Every structure is written in C-alpha cells, then in structure tokens.
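Here the structure comes first, spelled out in structure tokens, and everything after it is commentary.
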Number of protein chains: 2
Amino acid sequence: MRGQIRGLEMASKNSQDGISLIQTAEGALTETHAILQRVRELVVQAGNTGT
Amino acid sequence: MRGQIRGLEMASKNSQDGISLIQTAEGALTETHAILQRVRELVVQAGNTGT
C-alpha cells in the first residue's frame, strides 16, 4: 500500500510537472498564434492593397 | 525432574536469546523496508518525470 501511496504522491508531483510543461508551451503557442493573427493582417495588407 | 527443570530454565534462557536475535534482525529489516519505501519514491521520480 505505502509503496503505491508514495508512488501516487510522486505521481501527483509528476503530473503537476506535466501541467507546468503544458501551460508553458500553451502560453507560448498562444503568443505565437497572436503573432500569426498579426501576420494575416499583414498578408491582407500584403495583398499590396491590390497594386 | 531437576535435570529437566534446570534444562527448562536454560531453555527459557535460550528461547529469550532467540527472541533477542529475532527482534534485532526484525528492527533492522523494518529499517531496510523503510529505505525501500524511499527507494520506490525515487523510482517513481526515476520515471524521469517522464522525460
């Protein structure tokens, strides 16, 4: 039991650490995405306003 | 009778001595076990927290 208990404590630890990794990459990709919104703004402008 | 009596006195002695040996090894194995609990904690952490 205690072997598993302690393993579950370190499991919770490892999973929370998983979450930390996730949210790191998550926020980074959110910012990336926001850039890409700006990019498409610049694409539509980089329709040259036509000519 | 007295031969057996005296032999029972030394028998009790020998058995108590048995117990002393037992409880020595017992407590030692209890501590060993406690270590092994810590080990498994370090195994679950030595899941590398994954990567």
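Residue numbering restarts at 1 for every chain of the structure tokens, chains are lettered A, B, ... in their displayed order, and ligands are numbered from 1 as they appear.
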Considering only C-alpha atoms, tabulate each residue of chain B that lies at most 10 Å from chain A along with its nearest interatomic pair and the corresponding distance in Å to one decimal; arrange the rows by chain and ascending residue number and present them as a Markdown table.
```
| residue | atom | partner | partner_atom | distance |
| --- | --- | --- | --- | --- |
| B:34 | CA | A:2 | CA | 9.9 |
| B:36 | CA | A:3 | CA | 8.6 |
| B:37 | CA | A:3 | CA | 5.8 |
| B:38 | CA | A:6 | CA | 8.3 |
| B:39 | CA | A:3 | CA | 9.3 |
| B:40 | CA | A:3 | CA | 6.5 |
| B:41 | CA | A:7 | CA | 5.8 |
| B:42 | CA | A:10 | CA | 8.5 |
| B:43 | CA | A:7 | CA | 8.3 |
| B:44 | CA | A:7 | CA | 5.8 |
| B:45 | CA | A:10 | CA | 6.3 |
| B:46 | CA | A:10 | CA | 9.9 |
| B:47 | CA | A:14 | CA | 8.8 |
| B:48 | CA | A:14 | CA | 8.7 |
| B:49 | CA | A:14 | CA | 5.1 |
| B:50 | CA | A:14 | CA | 7.7 |
| B:51 | CA | A:18 | CA | 9.7 |
```
Given identical sequences, can you show me chain A least-squares superposed on chain B via all its Cα atoms in order, as a PDB file with N, CA, C and O atoms, in the first residue's frame?
```pdb
ATOM      1  N   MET A   1      13.656 -35.147  37.203  1.00  0.00           N
ATOM      2  CA  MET A   1      12.845 -33.945  37.209  1.00  0.00           C
ATOM      3  C   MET A   1      13.741 -32.731  37.182  1.00  0.00           C
ATOM      4  O   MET A   1      13.696 -31.951  36.239  1.00  0.00           O
ATOM      5  N   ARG A   2      14.634 -32.622  38.164  1.00  0.00           N
ATOM      6  CA  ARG A   2      15.518 -31.466  38.269  1.00  0.00           C
ATOM      7  C   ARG A   2      16.374 -31.309  37.036  1.00  0.00           C
ATOM      8  O   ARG A   2      16.670 -30.184  36.618  1.00  0.00           O
ATOM      9  N   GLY A   3      16.815 -32.422  36.464  1.00  0.00           N
ATOM     10  CA  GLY A   3      17.516 -32.343  35.200  1.00  0.00           C
ATOM     11  C   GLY A   3      16.677 -31.634  34.158  1.00  0.00           C
ATOM     12  O   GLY A   3      17.138 -30.701  33.488  1.00  0.00           O
ATOM     13  N   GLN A   4      15.402 -32.012  34.070  1.00  0.00           N
ATOM     14  CA  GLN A   4      14.529 -31.346  33.117  1.00  0.00           C
ATOM     15  C   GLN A   4      14.198 -29.922  33.547  1.00  0.00           C
ATOM     16  O   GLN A   4      14.171 -29.035  32.703  1.00  0.00           O
ATOM     17  N   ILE A   5      13.950 -29.681  34.841  1.00  0.00           N
ATOM     18  CA  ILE A   5      13.659 -28.334  35.343  1.00  0.00           C
ATOM     19  C   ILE A   5      14.755 -27.384  34.922  1.00  0.00           C
ATOM     20  O   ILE A   5      14.516 -26.356  34.280  1.00  0.00           O
ATOM     21  N   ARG A   6      15.971 -27.701  35.339  1.00  0.00           N
ATOM     22  CA  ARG A   6      17.123 -26.882  35.023  1.00  0.00           C
ATOM     23  C   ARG A   6      17.266 -26.728  33.520  1.00  0.00           C
ATOM     24  O   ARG A   6      17.572 -25.636  33.018  1.00  0.00           O
ATOM     25  N   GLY A   7      16.992 -27.804  32.784  1.00  0.00           N
ATOM     26  CA  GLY A   7      17.008 -27.710  31.338  1.00  0.00           C
ATOM     27  C   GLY A   7      15.935 -26.788  30.796  1.00  0.00           C
ATOM     28  O   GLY A   7      16.088 -26.226  29.713  1.00  0.00           O
ATOM     29  N   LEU A   8      14.827 -26.644  31.524  1.00  0.00           N
ATOM     30  CA  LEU A   8      13.764 -25.737  31.107  1.00  0.00           C
ATOM     31  C   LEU A   8      14.113 -24.303  31.443  1.00  0.00           C
ATOM     32  O   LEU A   8      13.681 -23.374  30.758  1.00  0.00           O
ATOM     33  N   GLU A   9      14.845 -24.103  32.532  1.00  0.00           N
ATOM     34  CA  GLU A   9      15.333 -22.774  32.855  1.00  0.00           C
ATOM     35  C   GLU A   9      16.295 -22.298  31.780  1.00  0.00           C
ATOM     36  O   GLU A   9      16.154 -21.193  31.235  1.00  0.00           O
ATOM     37  N   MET A  10      17.251 -23.152  31.423  1.00  0.00           N
ATOM     38  CA  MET A  10      18.159 -22.814  30.335  1.00  0.00           C
ATOM     39  C   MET A  10      17.438 -22.812  28.996  1.00  0.00           C
ATOM     40  O   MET A  10      17.905 -22.179  28.045  1.00  0.00           O
ATOM     41  N   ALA A  11      16.317 -23.525  28.897  1.00  0.00           N
ATOM     42  CA  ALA A  11      15.510 -23.478  27.683  1.00  0.00           C
ATOM     43  C   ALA A  11      14.871 -22.117  27.528  1.00  0.00           C
ATOM     44  O   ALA A  11      14.873 -21.531  26.441  1.00  0.00           O
ATOM     45  N   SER A  12      14.282 -21.616  28.609  1.00  0.00           N
ATOM     46  CA  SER A  12      13.709 -20.284  28.595  1.00  0.00           C
ATOM     47  C   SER A  12      14.775 -19.269  28.254  1.00  0.00           C
ATOM     48  O   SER A  12      14.564 -18.384  27.423  1.00  0.00           O
ATOM     49  N   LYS A  13      15.938 -19.404  28.883  1.00  0.00           N
ATOM     50  CA  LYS A  13      17.075 -18.565  28.550  1.00  0.00           C
ATOM     51  C   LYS A  13      17.370 -18.597  27.057  1.00  0.00           C
ATOM     52  O   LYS A  13      17.413 -17.553  26.397  1.00  0.00           O
ATOM     53  N   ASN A  14      17.528 -19.797  26.499  1.00  0.00           N
ATOM     54  CA  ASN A  14      17.891 -19.922  25.090  1.00  0.00           C
ATOM     55  C   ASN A  14      16.820 -19.338  24.187  1.00  0.00           C
ATOM     56  O   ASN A  14      17.126 -18.776  23.132  1.00  0.00           O
ATOM     57  N   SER A  15      15.557 -19.502  24.563  1.00  0.00           N
ATOM     58  CA  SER A  15      14.472 -19.015  23.724  1.00  0.00           C
ATOM     59  C   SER A  15      14.388 -17.504  23.772  1.00  0.00           C
ATOM     60  O   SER A  15      14.146 -16.859  22.748  1.00  0.00           O
ATOM     61  N   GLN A  16      14.573 -16.928  24.954  1.00  0.00           N
ATOM     62  CA  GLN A  16      14.632 -15.480  25.067  1.00  0.00           C
ATOM     63  C   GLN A  16      15.775 -14.934  24.237  1.00  0.00           C
ATOM     64  O   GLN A  16      15.658 -13.877  23.609  1.00  0.00           O
ATOM     65  N   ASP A  17      16.897 -15.640  24.250  1.00  0.00           N
ATOM     66  CA  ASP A  17      18.027 -15.253  23.424  1.00  0.00           C
ATOM     67  C   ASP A  17      17.660 -15.338  21.949  1.00  0.00           C
ATOM     68  O   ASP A  17      18.025 -14.459  21.150  1.00  0.00           O
ATOM     69  N   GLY A  18      16.936 -16.401  21.579  1.00  0.00           N
ATOM     70  CA  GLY A  18      16.332 -16.474  20.256  1.00  0.00           C
ATOM     71  C   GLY A  18      15.571 -15.215  19.925  1.00  0.00           C
ATOM     72  O   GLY A  18      15.780 -14.603  18.879  1.00  0.00           O
ATOM     73  N   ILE A  19      14.724 -14.781  20.848  1.00  0.00           N
ATOM     74  CA  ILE A  19      13.910 -13.595  20.633  1.00  0.00           C
ATOM     75  C   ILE A  19      14.787 -12.383  20.425  1.00  0.00           C
ATOM     76  O   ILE A  19      14.485 -11.517  19.601  1.00  0.00           O
ATOM     77  N   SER A  20      15.860 -12.280  21.199  1.00  0.00           N
ATOM     78  CA  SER A  20      16.744 -11.133  21.066  1.00  0.00           C
ATOM     79  C   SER A  20      17.331 -11.073  19.669  1.00  0.00           C
ATOM     80  O   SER A  20      17.349 -10.012  19.025  1.00  0.00           O
ATOM     81  N   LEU A  21      17.785 -12.219  19.176  1.00  0.00           N
ATOM     82  CA  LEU A  21      18.258 -12.305  17.802  1.00  0.00           C
ATOM     83  C   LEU A  21      17.173 -11.872  16.833  1.00  0.00           C
ATOM     84  O   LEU A  21      17.410 -11.068  15.916  1.00  0.00           O
ATOM     85  N   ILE A  22      15.973 -12.424  17.022  1.00  0.00           N
ATOM     86  CA  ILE A  22      14.860 -12.147  16.126  1.00  0.00           C
ATOM     87  C   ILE A  22      14.625 -10.655  16.045  1.00  0.00           C
ATOM     88  O   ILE A  22      14.655 -10.070  14.967  1.00  0.00           O
ATOM     89  N   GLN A  23      14.367 -10.029  17.186  1.00  0.00           N
ATOM     90  CA  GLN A  23      13.997  -8.622  17.207  1.00  0.00           C
ATOM     91  C   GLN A  23      15.112  -7.738  16.689  1.00  0.00           C
ATOM     92  O   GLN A  23      14.846  -6.674  16.116  1.00  0.00           O
ATOM     93  N   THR A  24      16.360  -8.153  16.886  1.00  0.00           N
ATOM     94  CA  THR A  24      17.465  -7.444  16.258  1.00  0.00           C
ATOM     95  C   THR A  24      17.281  -7.417  14.749  1.00  0.00           C
ATOM     96  O   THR A  24      17.148  -6.346  14.129  1.00  0.00           O
ATOM     97  N   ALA A  25      17.228  -8.606  14.148  1.00  0.00           N
ATOM     98  CA  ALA A  25      17.095  -8.688  12.701  1.00  0.00           C
ATOM     99  C   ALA A  25      15.798  -8.038  12.241  1.00  0.00           C
ATOM    100  O   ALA A  25      15.749  -7.392  11.194  1.00  0.00           O
ATOM    101  N   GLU A  26      14.750  -8.191  13.037  1.00  0.00           N
ATOM    102  CA  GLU A  26      13.437  -7.631  12.751  1.00  0.00           C
ATOM    103  C   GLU A  26      13.513  -6.127  12.582  1.00  0.00           C
ATOM    104  O   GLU A  26      13.103  -5.585  11.551  1.00  0.00           O
ATOM    105  N   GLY A  27      14.025  -5.435  13.598  1.00  0.00           N
ATOM    106  CA  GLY A  27      14.108  -3.988  13.517  1.00  0.00           C
ATOM    107  C   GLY A  27      14.989  -3.554  12.369  1.00  0.00           C
ATOM    108  O   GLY A  27      14.691  -2.576  11.670  1.00  0.00           O
ATOM    109  N   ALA A  28      16.060  -4.311  12.130  1.00  0.00           N
ATOM    110  CA  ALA A  28      16.930  -3.992  11.010  1.00  0.00           C
ATOM    111  C   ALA A  28      16.185  -4.095   9.688  1.00  0.00           C
ATOM    112  O   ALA A  28      16.321  -3.226   8.820  1.00  0.00           O
ATOM    113  N   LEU A  29      15.377  -5.141   9.525  1.00  0.00           N
ATOM    114  CA  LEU A  29      14.615  -5.321   8.296  1.00  0.00           C
ATOM    115  C   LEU A  29      13.503  -4.301   8.177  1.00  0.00           C
ATOM    116  O   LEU A  29      13.104  -3.948   7.065  1.00  0.00           O
ATOM    117  N   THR A  30      12.966  -3.852   9.306  1.00  0.00           N
ATOM    118  CA  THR A  30      11.996  -2.770   9.279  1.00  0.00           C
ATOM    119  C   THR A  30      12.632  -1.513   8.719  1.00  0.00           C
ATOM    120  O   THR A  30      12.041  -0.823   7.881  1.00  0.00           O
ATOM    121  N   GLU A  31      13.843  -1.201   9.171  1.00  0.00           N
ATOM    122  CA  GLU A  31      14.524  -0.029   8.638  1.00  0.00           C
ATOM    123  C   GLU A  31      14.855  -0.215   7.167  1.00  0.00           C
ATOM    124  O   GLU A  31      14.713   0.724   6.371  1.00  0.00           O
ATOM    125  N   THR A  32      15.327  -1.410   6.802  1.00  0.00           N
ATOM    126  CA  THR A  32      15.578  -1.727   5.402  1.00  0.00           C
ATOM    127  C   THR A  32      14.344  -1.435   4.584  1.00  0.00           C
ATOM    128  O   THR A  32      14.396  -0.791   3.533  1.00  0.00           O
ATOM    129  N   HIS A  33      13.217  -1.920   5.076  1.00  0.00           N
ATOM    130  CA  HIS A  33      11.959  -1.736   4.393  1.00  0.00           C
ATOM    131  C   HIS A  33      11.636  -0.266   4.215  1.00  0.00           C
ATOM    132  O   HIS A  33      11.210   0.164   3.138  1.00  0.00           O
ATOM    133  N   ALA A  34      11.802   0.512   5.282  1.00  0.00           N
ATOM    134  CA  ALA A  34      11.553   1.945   5.202  1.00  0.00           C
ATOM    135  C   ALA A  34      12.407   2.580   4.116  1.00  0.00           C
ATOM    136  O   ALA A  34      11.927   3.419   3.330  1.00  0.00           O
ATOM    137  N   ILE A  35      13.672   2.164   4.039  1.00  0.00           N
ATOM    138  CA  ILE A  35      14.516   2.625   2.947  1.00  0.00           C
ATOM    139  C   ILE A  35      13.867   2.273   1.629  1.00  0.00           C
ATOM    140  O   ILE A  35      13.701   3.132   0.767  1.00  0.00           O
ATOM    141  N   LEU A  36      13.444   1.020   1.477  1.00  0.00           N
ATOM    142  CA  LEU A  36      12.882   0.576   0.209  1.00  0.00           C
ATOM    143  C   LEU A  36      11.649   1.377  -0.172  1.00  0.00           C
ATOM    144  O   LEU A  36      11.392   1.592  -1.363  1.00  0.00           O
ATOM    145  N   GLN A  37      10.890   1.846   0.816  1.00  0.00           N
ATOM    146  CA  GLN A  37       9.823   2.791   0.517  1.00  0.00           C
ATOM    147  C   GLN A  37      10.402   4.046  -0.104  1.00  0.00           C
ATOM    148  O   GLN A  37       9.916   4.528  -1.140  1.00  0.00           O
ATOM    149  N   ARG A  38      11.465   4.580   0.504  1.00  0.00           N
ATOM    150  CA  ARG A  38      12.093   5.750  -0.094  1.00  0.00           C
ATOM    151  C   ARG A  38      12.605   5.436  -1.485  1.00  0.00           C
ATOM    152  O   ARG A  38      12.572   6.290  -2.379  1.00  0.00           O
ATOM    153  N   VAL A  39      13.136   4.234  -1.667  1.00  0.00           N
ATOM    154  CA  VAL A  39      13.647   3.853  -2.967  1.00  0.00           C
ATOM    155  C   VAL A  39      12.540   3.954  -3.988  1.00  0.00           C
ATOM    156  O   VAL A  39      12.699   4.617  -5.007  1.00  0.00           O
ATOM    157  N   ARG A  40      11.381   3.360  -3.700  1.00  0.00           N
ATOM    158  CA  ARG A  40      10.304   3.394  -4.683  1.00  0.00           C
ATOM    159  C   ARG A  40       9.842   4.815  -4.941  1.00  0.00           C
ATOM    160  O   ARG A  40       9.429   5.136  -6.061  1.00  0.00           O
ATOM    161  N   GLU A  41       9.867   5.673  -3.918  1.00  0.00           N
ATOM    162  CA  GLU A  41       9.635   7.089  -4.183  1.00  0.00           C
ATOM    163  C   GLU A  41      10.603   7.575  -5.243  1.00  0.00           C
ATOM    164  O   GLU A  41      10.222   8.245  -6.214  1.00  0.00           O
ATOM    165  N   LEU A  42      11.862   7.185  -5.093  1.00  0.00           N
ATOM    166  CA  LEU A  42      12.877   7.600  -6.042  1.00  0.00           C
ATOM    167  C   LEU A  42      12.776   6.841  -7.353  1.00  0.00           C
ATOM    168  O   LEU A  42      13.379   7.257  -8.339  1.00  0.00           O
ATOM    169  N   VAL A  43      12.064   5.714  -7.381  1.00  0.00           N
ATOM    170  CA  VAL A  43      11.810   5.035  -8.644  1.00  0.00           C
ATOM    171  C   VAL A  43      10.764   5.800  -9.421  1.00  0.00           C
ATOM    172  O   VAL A  43      10.882   6.003 -10.633  1.00  0.00           O
ATOM    173  N   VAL A  44       9.701   6.202  -8.737  1.00  0.00           N
ATOM    174  CA  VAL A  44       8.635   6.918  -9.412  1.00  0.00           C
ATOM    175  C   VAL A  44       9.139   8.271  -9.882  1.00  0.00           C
ATOM    176  O   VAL A  44       8.788   8.736 -10.972  1.00  0.00           O
ATOM    177  N   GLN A  45       9.976   8.924  -9.078  1.00  0.00           N
ATOM    178  CA  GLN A  45      10.671  10.092  -9.595  1.00  0.00           C
ATOM    179  C   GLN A  45      11.621   9.691 -10.710  1.00  0.00           C
ATOM    180  O   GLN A  45      11.786  10.424 -11.691  1.00  0.00           O
ATOM    181  N   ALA A  46      12.234   8.513 -10.588  1.00  0.00           N
ATOM    182  CA  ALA A  46      13.117   7.975 -11.616  1.00  0.00           C
ATOM    183  C   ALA A  46      12.356   7.302 -12.726  1.00  0.00           C
ATOM    184  O   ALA A  46      12.930   6.554 -13.526  1.00  0.00           O
ATOM    185  N   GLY A  47      11.063   7.585 -12.796  1.00  0.00           N
ATOM    186  CA  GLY A  47      10.418   7.688 -14.072  1.00  0.00           C
ATOM    187  C   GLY A  47      10.802   8.928 -14.841  1.00  0.00           C
ATOM    188  O   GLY A  47      10.149   9.222 -15.847  1.00  0.00           O
ATOM    189  N   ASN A  48      11.787   9.709 -14.352  1.00  0.00           N
ATOM    190  CA  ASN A  48      12.370  10.837 -15.076  1.00  0.00           C
ATOM    191  C   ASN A  48      11.371  11.992 -15.107  1.00  0.00           C
ATOM    192  O   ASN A  48      11.558  12.996 -15.796  1.00  0.00           O
ATOM    193  N   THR A  49      10.334  11.880 -14.275  1.00  0.00           N
ATOM    194  CA  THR A  49       9.088  12.593 -14.505  1.00  0.00           C
ATOM    195  C   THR A  49       8.758  12.505 -15.988  1.00  0.00           C
ATOM    196  O   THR A  49       8.602  13.506 -16.695  1.00  0.00           O
ATOM    197  N   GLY A  50       8.779  11.268 -16.482  1.00  0.00           N
ATOM    198  CA  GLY A  50       8.612  11.074 -17.895  1.00  0.00           C
ATOM    199  C   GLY A  50       9.884  11.281 -18.679  1.00  0.00           C
ATOM    200  O   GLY A  50      10.673  10.356 -18.877  1.00  0.00           O
ATOM    201  N   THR A  51      10.020  12.486 -19.228  1.00  0.00           N
ATOM    202  CA  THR A  51      11.278  12.956 -19.800  1.00  0.00           C
ATOM    203  C   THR A  51      11.743  14.261 -19.172  1.00  0.00           C
ATOM    204  O   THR A  51      12.807  14.773 -19.541  1.00  0.00           O
TER     205      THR A  51
END
```
